[PDB]
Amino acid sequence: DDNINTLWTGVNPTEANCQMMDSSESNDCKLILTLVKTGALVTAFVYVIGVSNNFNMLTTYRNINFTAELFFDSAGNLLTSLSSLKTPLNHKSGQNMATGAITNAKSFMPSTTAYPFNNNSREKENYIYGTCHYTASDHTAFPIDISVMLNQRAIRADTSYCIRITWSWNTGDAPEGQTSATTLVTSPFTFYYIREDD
């Protein structure tokens, strides 16, 4: 069954599954996250589809950053209370998540050997960088910086694995104006990391 090689959020969930902004008091966007087992690595495929007005209106600002913090327990299961993503991940079932148990969830996690916790000497190894784009109302591509930090620092005793994905930009002109903003959508960002063993 190839479906168990994927751990994901499903494609375009009906309702917002993620509370990205600190100012938000409920889910403000759809986090689309797909983790695929690819040999010793995980192929991580991530983007956001904005839902709340305040999140969508971030496209009108010149200086923005927002972070999806994903915390997982020792079994590789998402801790929804601590995490930005409020719906657990599961396997592929068509375009949706499966509903059963998760096979080898821990082996989707970022390796604590490759990406340690509380190790100042190896702190640089926890960082992955890249770019994605916001497609503007005029069809131009607005580049957005992405920083991923794997593990490095835990926030609670039961947080065994961490993925923190930060989207940011600092420009002279905002992606949109107040009247042109619609939905904050980031283009998919694919990154790779050495996966934990079961």
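Don't overthink the numbering: it's just position in the shown sequence, from 1.
message = Please compare 43-51 with 23-31 and name the stretch with the higher mean C-alpha B-factor in the deposited structure.
response = If you average the C-alpha B-factors of 43-51 and of 23-31, the larger mean comes out for 23-31.
ask   = Out of 8-16 and 184-192, which stretch has the higher average CA B-factor listed in the record?
value = The stretch with the larger average C-alpha B-factor is 8-16.
query = From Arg164, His139, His133, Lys37, can you pick the one with the highest C-alpha B factor in the entry?
reply = Comparing C-alpha B-factors across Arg164, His139, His133, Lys37, the top value belongs to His139.
key: Of the residues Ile128, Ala114, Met109, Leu82, the one carrying the largest Cα B-factor as recorded   = Spelled out: the listed residue with the top C-alpha B-factor is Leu82.
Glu69 by Cα B-factor - lowest, middle or highest third of the modelled chain = It falls in the middle third of the chain.
query = By its CA B factor, does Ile144 count among the lowest, middle or highest third of the modelled residues in the chain?
reply = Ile144: CA B-factor falls in the lowest third of its chain.
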